[PDB]
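Let me begin by presenting the structure, written as structure tokens, before commenting on it.
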Amino acid sequence: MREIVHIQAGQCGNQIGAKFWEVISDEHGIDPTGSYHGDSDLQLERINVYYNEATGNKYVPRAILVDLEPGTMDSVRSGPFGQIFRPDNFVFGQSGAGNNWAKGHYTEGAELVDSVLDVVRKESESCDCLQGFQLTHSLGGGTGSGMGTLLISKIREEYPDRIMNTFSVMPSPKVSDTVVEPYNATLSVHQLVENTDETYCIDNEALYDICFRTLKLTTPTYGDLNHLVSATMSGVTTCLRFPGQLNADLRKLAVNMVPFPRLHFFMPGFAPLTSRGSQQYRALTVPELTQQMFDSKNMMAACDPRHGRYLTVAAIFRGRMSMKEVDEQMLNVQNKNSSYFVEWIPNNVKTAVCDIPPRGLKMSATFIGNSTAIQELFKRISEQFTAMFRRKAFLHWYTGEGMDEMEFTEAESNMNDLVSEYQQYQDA
Amino acid sequence: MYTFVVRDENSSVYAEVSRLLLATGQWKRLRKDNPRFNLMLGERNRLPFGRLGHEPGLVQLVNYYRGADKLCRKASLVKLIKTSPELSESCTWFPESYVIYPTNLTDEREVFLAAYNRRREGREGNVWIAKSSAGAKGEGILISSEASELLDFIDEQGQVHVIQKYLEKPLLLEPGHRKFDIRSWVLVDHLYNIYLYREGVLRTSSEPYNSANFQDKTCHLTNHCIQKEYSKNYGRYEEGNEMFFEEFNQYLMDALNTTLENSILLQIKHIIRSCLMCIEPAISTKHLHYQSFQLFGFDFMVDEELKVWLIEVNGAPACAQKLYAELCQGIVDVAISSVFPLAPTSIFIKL
Amino acid sequence: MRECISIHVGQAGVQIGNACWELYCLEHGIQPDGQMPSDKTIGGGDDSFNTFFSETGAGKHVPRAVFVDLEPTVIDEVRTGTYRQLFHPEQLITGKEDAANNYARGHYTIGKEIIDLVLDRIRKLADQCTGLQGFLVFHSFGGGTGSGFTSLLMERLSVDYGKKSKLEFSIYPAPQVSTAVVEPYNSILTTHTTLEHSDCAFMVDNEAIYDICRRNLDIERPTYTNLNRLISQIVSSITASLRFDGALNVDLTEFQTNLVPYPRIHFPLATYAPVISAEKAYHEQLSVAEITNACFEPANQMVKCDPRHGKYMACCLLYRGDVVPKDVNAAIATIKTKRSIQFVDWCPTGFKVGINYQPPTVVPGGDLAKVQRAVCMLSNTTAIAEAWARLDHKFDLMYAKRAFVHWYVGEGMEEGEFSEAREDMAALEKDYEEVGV
Amino acid sequence: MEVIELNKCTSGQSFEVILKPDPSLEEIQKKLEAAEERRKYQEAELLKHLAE
Ligand SMILES: C=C1C[C@H](C)C[C@@H]2CC=C[C@@H](C/C=C\C(=O)O[C@H]([C@@H](O)/C=C/[C@@H]3CC(C)=CCO3)C[C@@H]3O[C@H]3[C@@H](O)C1)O2
Ligand SMILES: C/C(=C\c1csc(C)n1)[C@@H]1C[C@@H]2O[C@@H]2CCC[C@H](C)[C@H](O)[C@@H](C)C(=O)C(C)(C)[C@@H](O)CC(=O)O1
Ligand SMILES: Nc1nc2c(ncn2[C@@H]2O[C@H](COP(=O)(O)OP(=O)(O)OP(=O)(O)O)[C@@H](O)[C@H]2O)c(=O)[nH]1
Ligand SMILES: Nc1ncnc2c1ncn2[C@@H]1O[C@H](COP(=O)(O)OP(=O)(O)CP(=O)(O)O)[C@@H](O)[C@H]1O
Ligand SMILES: Nc1nc2c(ncn2[C@@H]2O[C@H](COP(=O)(O)OP(=O)(O)O)[C@@H](O)[C@H]2O)c(=O)[nH]1
Ligand SMILES: [Ca+2]
Ligand SMILES: [Ca+2]
Ligand SMILES: [Mg+2]
Ligand SMILES: [Mg+2]
Ligand SMILES: [Mg+2]
Ligand SMILES: [Mg+2]
């Protein structure tokens, strides 16, 4: 039993986090009551990775819910699985963070942070052997962004030798709440570069385009975007959740995926994605999973992999199919497009297969790539950042919480350094 | 879409093969150090055979046979002929040869002297030739009738040399009274089929053969490199000192009442077969995890009785300019596409 | 009689260990409860099988084995398995969290904490021995425990038991079945640190076992279970001379004497024949000449390489089943005319032959068909250096960019150890070359 | 070819056929401790930086 402790923070973090627990609970046969109802023992084998067994005989998510206002969390409690979470694991303030990194990080957030850590500690002590943490949040607002990174800093100080993992939603003007999103994202990215082991970059821009183009949805909602995220999150955590040889825990995944400590920002992918409605009934051929999965169109970081090179790739296939075919198709992709995989990391593509498929599908594939093309994301955000920062636009919201210009200048330098580092290895 | 890499830039033959592969529109060249290749056009020296055949999902093919150097180095060839039962000391198509290590370094000095003295006393022609693998083109060769000058020449050097009876009665092309040697191109594929290229080339001397002067090595050495420099008649009879098979054949018919097929080629085919069959067990990739093919250049000498002699075997041979197109296409058709298929009047003779 | 203690480290080591002891029990007629009916000396003995099994007054036959792993899920399978009754708790040692495919984590960070306990448990077994001979160490190259903890164990075994011999069975890394990008690092780190301390090591490349399984057992995609049952047969044929009446390879010292003249070059190549699918309706039964000839087919080797292009320092043939010397001598002569076999000038061209009349035992419901005769060849050939060359090259590609290095330095290892270990391998590659020429 | 050292028993036969003719405990302890100290120092630097 190697336990993972889950934290969701802010509006985006809690909404996406709530959906993730819905999806995986279903997969593990746990109902909103926390009582199990499953056909397969495989379901219960590694349940303790994400769930506690508080009393006979319910499973309680090792999940902590965090926000600076109560609305989204209240809504979570109303949601279908709301009763599943531990009531003590709800930690909220009243003020809100006003889409302001400084409020989350320095003022409002600082007031509430110790309260969160008390619960985190309470969960951690009850771990036979703790793996580390995963955080869901956006980088565009204040709570998930500013208070989220603050938490991560405090958690690292308290557990310096655990793996810290995050699913981070990057902002894009296509799905935008406010103009200060680039400021908040740039400040946050710097914290992540320093203090996380694995970050899955979920681009709202990519999520939107996948909804607009591939799924033929003229008007996508956050609900449509979140279904993509919960599907992807279910897929990337399959190896932790089910019995398996490969990437079976956080540290082992990090060792395989991350050749340089700062470059730990991954592009996830999912397959299949199919527009309604005629085509959905046919099951997909293993070749089809593979080809869609490596498709740029299926990428959720909104970067073109053909623009860069892969350092490492992890694939996952579920469920009932041929490992022989899985191996053959996987080997086909690398062999036909070998320029796109650095030659200085031999055999950098690892593949896992799990028997249990996701709900509503006969089979599926999840892709996780450490590509140097990820630099396009940070570049896009760096551009938007300096456009406003040249004229010191909207800065008063931040200086008013005690920050000064220097910290912004430092954050932008560090992200530009991050972009340079990626460029270095694309050329090597 | 088949992939391949190129690790010998100075290869005349395979660069043409490379260019051809691209034109197919089904072959993609890769960076030379990328291991996910189907085909390797490898380096001449220290090709990493040990790294082939361990790439899952790739059938791998290289353009050399590991081990083939036993036939293609001078000292090794002599050794191989003397110690292989199926070739044997009593072999009739290979010149009496002896392996001689310079004294500043087993060796067959006293065995060579033993036969040299037998020839001197018996009034028999006693001219020998010394050479080695380090013979950079036209240099590194001494022709003499005195054993003292031969052994003294070898000691001044630093690598292994061979002493080979020099054939004193070559067949002479007329007009010109001139020496020649025949080059045959042989392609051995991954199944160990032995394919002899239809076209050969006679590399001719342009200076009349002179048995009273083994000092001036221009009428004695047929090496094109030598003729294009020291000979003042270079290109008088044939373009670039190269006679091809149609002409040579016509000549043998006109002058000797025999054909190229009957008087010479039968013996050439026999020799090529004998050499390659001998090392087949040593180098066959029939059950290996990777597969080999290789193009060889066999060098022959004809004497005045129309008997063919093996001079040397080349592991990385060039072609004759006018034959590059044809042979290279053949290499593709029978060596490469046989293993990796693309989507009547062969140019080869299957031995 | 001199006892042998078996030590299985990491997932690969423990799972392979499990397969071998199952086979050992089938071979010696030992029941899962550990009762061996045919053993008329109850409560003790000094028969040949006793070198591997000790006895309890109650009649139980207990493997002289220690299982070690940094995570408990694999050893829990043993604890709870078909042969759980055989072993006792002091024999099985687990940790809370593993080495994460990180040599330095297994060697330094986690190894330091558990090494003393492992030695103590080994000491308990050795105290049971009247004349301990040495150790057989089963482990993977690629895993963090298999590479890192094993190297530390080897250093300390040389200290607590200086006189004793140590043999290795090492799983060489293969991408078809591999779990980590950094296996080449771990392999070279462990090989550098273990070179002094090992007397003889049998490498098994997972690539070769995998292909044999696909080719001859007709398994579409072999599992570790398929792989291990095949590997355990090779291990059994290698250790049969220790567990049975015989005159060849009777003790651990004989392995070094017969297979390793040059101490650094202590990796003999294993070739096994025949491997025949159980599902095959009928198969013709191979002769002594055919299986012996098959020993010289690269497809039957534990490591793929070309012995034709190397030199032999030693050759050893171990037959099981219906074999007589005259057939063996006849077969060798024929092979000698056909196959290409060069020895070094300073060693005799010859074979040491061992024959055991009992044909190979097979696991019921396994993928391996019962056969009347079989042979394993152990040859010390320079060709096995091909495997090092492949490893070193992959190491070199990654190390040049320092990819993944921070994981090791982060556990307390210095960068210098990487280059130090690679230097050692460069020297080893040269040693084979000088001998191989 | 020559046969030698033939030894027979009920279980089987064996013979030859000739075709032609260290770190001390203290040192180990020191190395493990040196790695542990290096680990401690990196973590101290981390916490120091975090304290900032
Ligand atoms: C069928 C193909 C091309 C060949 C036949 C398939 C070949 C075999 C198996 C997988 C594919 C690679 C997978 C997807 C793919 O190529 O999608 C492309 C576009 O997304 C570009 C993807 C590349 C592929 C790779 C491997 C690295 C960089 O990104 C989009 C390609 O248009 C889609 C389709 O034409 C892909 O390569
Ligand atoms: C059922 C799906 C694919 C599929 C199944 S069979 C086939 C040929 N394709 C995927 C399911 C993936 O988990 C992701 C769900 C994403 C949901 C959508 C964003 C959206 O909410 C949904 C309402 C849709 O747009 C469709 C109904 C069209 C959805 O099925 C599209 C899709 O590919 O989902
Ligand atoms: N043949 C065979 N190889 C195995 C087996 N288990 C693991 N391996 C191989 O061993 C390497 C992985 O090392 P492991 O033994 O699993 O790892 P470990 O020694 O337990 O070390 P950590 O996981 O880091 O604690 C890979 O190359 C695997 O292919 C097995 O049961 N049989
Ligand atoms: N025994 C012999 N009798 C007569 N002439 C001989 C001879 N040996 C060599 N020659 C002549 O000397 C020339 C030298 O060619 P040789 O085969 O000795 O070296 P080479 O230049 O061919 C090396 P490589 O083919 O490997 O590049 C031949 O072309 C041949 O005409
Ligand atoms: N994908 C997704 N993005 C969201 C969701 N809610 C908010 N966002 C994005 O998150 C950013 C806003 O920050 P938010 O998390 O709402 O603020 P916070 O409560 O202060 O952490 C913007 O980039 C929004 O586009 C959601 O449910 N799904
Ligand atoms: Ca307040
Ligand atoms: Ca007894
Ligand atoms: Mg908000
Ligand atoms: Mg909001
Ligand atoms: Mg020549
Ligand atoms: Mg393990």
- request: Give the long-range amide H neighbours of A:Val60: residues separated by 5 or more places, or on another chain, with amide H under 5 Å away, using H modelled in the peptide plane at 1.01 Å from N.
  value: A:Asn52, A:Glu53, A:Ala54
Segment C:269-383, relative contact order [Cα under 8 Å, separation at least 6], %: 45
Inter-label distance for B:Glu261 and C:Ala278, nm, one decimal - labels placed 7 Å from Cα along Cα-to-Cβ: 6.2
- request: Can you tell me the FRET efficiency between C:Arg215 and A:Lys297 if r is taken as the Cβ-Cβ distance and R0 is 35 Å, rounded to the nearest 0.05?
  value: 0.35
- prompt: Based on the Cα atoms of segment C:269-383, what semi-axes does the equivalent ellipsoid have, where each is the square root of 5 times one gyration tensor eigenvalue, given in whole Å with the largest first?
  reply: 26, 16, 12
task: Give the order of C:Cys4, C:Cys315 when sorted by the count of other beta carbons within 10 angstrom, beginning with the fewest.
output: C:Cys4, C:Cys315
Cα Rg, Dmax, segment A:260-373, angstrom units: 14.2, 46
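Sort B:212-219, C:151-158, B:332-339, A:2-9 for me by packing, meaning the mean count of neighbouring Cβ atoms within 10 Å per residue, highest on top. Intermediate values should be presented prior to the final figure.
Working: B:212-219: 14.2, C:151-158: 22.5, B:332-339: 18.8, A:2-9: 24.6.
In descending order of packing, they fall as A:2-9, C:151-158, B:332-339, B:212-219.
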- request: Counting helices only, and only those DSSP H runs with n ≥ 4, report the 222 nm mean residue ellipticity of chain B as the sum of -39,500 (n - 2.57) divided by its residues, in deg cm²/dmol to the nearest 500.
  value: -8000 deg cm²/dmol
query: Across the residues of B:207-218, average count of Cβ atoms on other protein chains within 10 Å?
result: 0
Note, ³J(HN,Hα) from phi for segment A:50-64, Karplus 6.51, -1.76, 1.60, rounded to Hz, x at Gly and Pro: 10, 10, 9, 9, 5, 8, x, 9, 10, 10, 10, x, 7, 10, 10
message: Across chain A, what fraction of all alpha-carbon pairs, as a whole percent, falls in each successive 20 Å bin from zero upward?
response: 27, 61, 12, 0
- line: Between the modelled labels at A:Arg391 and B:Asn117 (7 Å from Cα along Cα→Cβ) the distance in nm is 10.7
Taking chain C and dividing mean pair separation by its residue count, relative contact order in percent (alpha carbons under 8 Å, at least six apart): 16
task: Diagonalise the Cα gyration tensor of segment A:118-226 and give the resulting equivalent ellipsoid semi-axes, square root of 5 times each eigenvalue, largest first, whole Å.
output: 30, 16, 11
query: Given the pairs B:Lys137/B:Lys179; A:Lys379/C:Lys401; B:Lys179/B:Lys228; B:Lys32/C:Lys430; C:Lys124/C:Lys164, which span a C-alpha to C-alpha distance of over 20 angstrom in this model?
result: A:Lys379/C:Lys401; B:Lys32/C:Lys430
message: Run lengths n ≥ 4 of DSSP H only: what is the helix-derived mean residue ellipticity at 222 nm for chain C, with -39500 (n - 2.57) per run over all residues, to the nearest 500?
response: -12000 deg cm²/dmol
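Run the helix sum for chain A: -39,500 (n - 2.57) per DSSP H stretch of 4+ residues, divided by residue count, reported at 222 nm to the nearest 500 deg cm²/dmol.
-12500 deg cm²/dmol
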- prompt: In peptide C:347-355, how many Cβ atoms from other protein chains are near each Cβ within 10 Å, on average?
  reply: 6
message: So if each residue of separation counts as 0.36 nm, and I subtract the Cα-Cα distance between A:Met323 and A:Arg121, what length gain in nm does that give?
response: 68.6 nm
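Averaged across B:36-44, how many Cβ atoms of other chains sit within 10 Å of each residue's Cβ atom?
On the way: counts 9, 2, 1, 0, 0, 0, 0, 0, 0.
The per-residue average across the peptide is 1.
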message: On a 29 Å Cα-Cα criterion, which of the cross-link pairs A:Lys216/A:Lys324; C:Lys163/C:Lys370; B:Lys82/C:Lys311; C:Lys304/C:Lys336 come out too long?
response: A:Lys216/A:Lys324; C:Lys163/C:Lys370
field: Sites C:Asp322 and C:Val363 - FRET efficiency at Förster radius 22 Å, r taken between beta-carbons, to 0.05
entry: 0.55
statement: At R0 = 30 Å the Cβ-Cβ FRET efficiency linking B:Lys137 and B:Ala15, nearest 0.05, sits at 0.90
query: Given the protein assembly as shown, what percent of its DSSP beta bridges are antiparallel, to the nearest 5?
result: 55
message: Starting from the 7 Å offset along Cα-to-Cβ, what nm value, one decimal, do you get for the label separation of B:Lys82 and B:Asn45?
response: 2.6
message: Relative contact order for segment A:1-259: what percent, with Cα pairs under 8 Å and sequence separation of 6 or more?
response: 22
query: By what distance, in whole Å, do the Cα atoms of segment B:22-63 stretch along each of the three principal axes, largest value first?
result: 30, 25, 16
- request: Bin all alpha-carbon pair distances of the protein assembly as shown at 10 Å intervals from 0 and give each bin's fraction as a whole percent.
  value: 1, 8, 15, 18, 17, 14, 11, 8, 5, 2, 1, 0, 0
task: Please order B:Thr259, B:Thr106 by the number of other Cβ within 10 Å, starting at the fewest.
output: B:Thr106, B:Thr259
query: How do A:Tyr422, A:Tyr183 line up, fewest other C-beta atoms within 10 Å first?
result: A:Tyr422, A:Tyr183
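All of the numbers you see were taken from the coordinates with simple rules; none came from a lab. Cβ coordinates were reconstructed from backbone atoms using ideal geometry, including for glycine residues, and neighbour counts include every protein chain displayed.
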